[PDB]
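For the sequence shown, the residue numbers in the authors' numbering are 10 to 290, 302 to 384.
By construction, the Cβ of each residue, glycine as well, lies at the ideal position given by its N, Cα and C atoms.
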Amino acid sequence: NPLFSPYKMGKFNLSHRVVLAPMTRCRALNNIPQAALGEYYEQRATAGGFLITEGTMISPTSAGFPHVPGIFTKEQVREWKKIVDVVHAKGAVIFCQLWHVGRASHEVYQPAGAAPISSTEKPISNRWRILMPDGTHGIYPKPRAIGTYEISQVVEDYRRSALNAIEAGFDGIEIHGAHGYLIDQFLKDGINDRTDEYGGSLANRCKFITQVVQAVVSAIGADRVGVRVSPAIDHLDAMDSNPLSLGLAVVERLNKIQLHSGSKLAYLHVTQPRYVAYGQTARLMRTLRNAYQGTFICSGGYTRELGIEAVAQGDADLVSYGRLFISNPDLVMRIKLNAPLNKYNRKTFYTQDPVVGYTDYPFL
Ligand SMILES: Cc1cc2nc3c(=O)[nH]c(=O)nc-3n(C[C@H](O)[C@H](O)[C@H](O)COP(=O)(O)O)c2cc1C
Numbered sequence: 010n011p012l013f014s015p016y017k018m019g020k021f022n023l024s025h026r027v028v029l030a031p032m033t034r035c036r037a038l039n040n041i042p043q044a045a046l047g048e049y050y051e052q053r054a055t056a057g058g059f060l061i062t063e064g065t066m067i068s069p070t071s072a073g074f075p076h077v078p079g080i081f082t083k084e085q086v087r088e089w090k091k092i093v094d095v096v097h098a099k100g101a102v103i104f105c106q107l108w109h110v111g112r113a114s115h116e117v118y119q120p121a122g123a124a125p126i127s128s129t130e131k132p133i134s135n136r137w138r139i140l141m142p143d144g145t146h147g148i149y150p151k152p153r154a155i156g157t158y159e160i161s162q163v164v165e166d167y168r169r170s171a172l173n174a175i176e177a178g179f180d181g182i183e184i185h186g187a188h189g190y191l192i193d194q195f196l197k198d199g200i201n202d203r204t205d206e207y208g209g210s211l212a213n214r215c216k217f218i219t220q221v222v223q224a225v226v227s228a229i230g231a232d233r234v235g236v237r238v239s240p241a242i243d244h245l246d247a248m249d250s251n252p253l254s255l256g257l258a259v260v261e262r263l264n265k266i267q268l269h270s271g272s273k274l275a276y277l278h279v280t281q282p283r284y285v286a287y288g289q290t302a303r304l305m306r307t308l309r310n311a312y313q314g315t316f317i318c319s320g321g322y323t324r325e326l327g328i329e330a331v332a333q334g335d336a337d338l339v340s341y342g343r344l345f346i347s348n349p350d351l352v353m354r355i356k357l358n359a360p361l362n363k364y365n366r367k368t369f370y371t372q373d374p375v376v377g378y379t380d381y382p383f384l
């Protein structure tokens, strides 16, 4: 089983290639990492396995879900350290995903009820709804388009949050540049209607993700930085006229960051739409992997069978699993043994109970 051949991710000697994908679960009450997160990540930690945390706030204005953890306060750093310590005691590697939602927010999640920020003033359309703190769904509002100075301020929020993650003991961070959130709002030409140096050409639309990655690389070292993108996923009205071209343009920038800095990133992590994985039971994921000089993590609809094939065929070095890892704490062992998998319950994906639907999925 090629998922269980060892893989060297930079300095980390991973014992297998099954990765916990980052997933928002909304158990970090009032944005403080809770003891429940410690139990949840400990359940899923394995010796030599790689874990990526749920998306984590980089600033008071970066959230678009309730009770998502932050890492922009020293208090949050203190609580994360206890979670990281428990995961490390099980021999796992863990990166903190740094997440700014951009226009995918709501007055209820913003300080003083202010407008969410974005590359544009266009809102997400009404065919997407936002989860509210009381469990209902609301309307995405009009965002405020930020200028170049404020862009540099958001870049500094990523930098400070990366330093805080290292202070908490994380082995690295992952830049969330996918799924229609703030970075993707600069990448995707269906969203980026700017006419300044951050809009228009592929080079200009890639400016923001390049500045973010460069800032964190210069703060904590390239080896501790992973980057996640999703050029073909249209979540939250985030469409590009040429996803392959946009994806290659991003890979181009990452390769050059690595050349200039003198060190490779931890990895590039790409999610594909779930319908692509269903058809495999496309060439986009392989094309990005072939173009990127370093470690490649594939994600999006993967199964045990599709994961094995991805690694065997050379389509990826690592395979991250989301929904199956929610309901299977010991997903790694179930995949090793080809054991049955627990069904996952979508109703408790984003609820606040520290146990129900979170840590009470049973082991084999
Ligand atoms: C409930 C839920 C929360 C998620 N939260 C995040 C997130 O915070 N950051 C991120 O990059 N992706 C997030 N994702 C997407 C997953 O990381 C991953 O790409 C996806 O679940 C992989 O497909 P799979 O569920 O078929 O394995 C989330 C997905 C789900 C279902």
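With DSSP run on the structure shown, which of helix, strand or coil describes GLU130?
coil
Beta-carbon within less than 7 Å of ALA154's beta-carbon, same chain only, minus the 5 sequence neighbours each way: which residues are those?
Hits under 7 Å: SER127, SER128, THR129 and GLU130.
Less than 7 Å separating the Cβ of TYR341 from some heavy atom of ligand 1?
Yes, since a heavy atom of ligand 1 falls inside the 7 Å radius drawn around the Cβ of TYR341.
What is the residue span of the alpha helix (DSSP H) that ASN173 lies within?
157 to 176
Quick one: using the 10 Å Cβ neighbour count with 16 as the cut-off for buried, is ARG354 buried or exposed?
Answer is buried; the Cβ neighbour count reaches 16.
Among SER272, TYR276, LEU304 and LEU274, the one whose alpha carbon lies nearest that of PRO282:
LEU304
Backbone secondary structure at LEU344 - three-state DSSP:
helix
What's the C-alpha gap between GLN119 and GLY178?
28 Å
Kindly list the residues whose CB is nearer than 7 Å to the CB of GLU48, restricted to its own chain and excluding five residues on each side of it in sequence; keep chain order.
The answer, listed in chain order, is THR379.
I'd like to check one pair, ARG309 with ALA336: are the Cβ atoms closer than 8 Å?
Yes; because the gap between Cβ atoms is below 8 Å, this pair is in contact.
Any non-hydrogen atom of ligand 1 within 7 Å of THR82 CB
no
Own chain residues within Cβ distance below 7 Å of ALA258, not counting five before or after:
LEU211 and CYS215
Is it true that the segment 87 to 103 meets the segment 50 to 67, where meeting means three or more beta-carbon pairs spaced less than 8 Å apart?
yes
How about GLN106 and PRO42: do their beta carbons lie closer than 8 Å?
Not closer than 8 Å, so no.
Grouping DSSP H, G and I as helix and E and B as strand, with all else coil, what is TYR276?
strand
Simplified DSSP assignment, three categories, for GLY57:
coil
Say the cut is 7 Å; is the CB of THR33 nearer than that to a heavy atom of ligand 1?
yes
If we ignore side chains and look at the alpha-carbon of each, how far apart do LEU253 and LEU274 end up?
21 Å
Flag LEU344 as yes when its Cβ comes closer than 7 Å to any non-hydrogen atom of ligand 1, and as no otherwise.
yes
Given the structure, does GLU165 come close to ligand 1, in the sense that its CB is under 7 Å from one of the ligand's heavy atoms?
no
Closest by CA to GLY181, which one among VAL226, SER114 and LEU326?
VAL226
Return the CA-CA distance between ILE218 and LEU196, expressed in angstroms with no decimal places.
8 Å
For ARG136 versus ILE175, is the C-beta spacing smaller than 8 Å?
no
Report back the beta-carbon spacing between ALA228 and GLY189 to the nearest angstrom; my notes put them in contact at under 8 Å.
Between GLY189 and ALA228 the Cβ distance is about 26 Å, and since that is not below 8 Å, they are no contact.
In or out: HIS269 buried (at least 16 other Cβ within 10 Å) or exposed?
exposed
Taking the straight line between their C-alpha atoms, what separation do you get for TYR158 and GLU165?
Near 11 Å, if we compare the C-alpha coordinates of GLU165 and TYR158.
Paired residues, beta bridge with residue 300 - DSSP:
Missing from the coordinates: residue 300, inside the break in the chain from 290 to 302.
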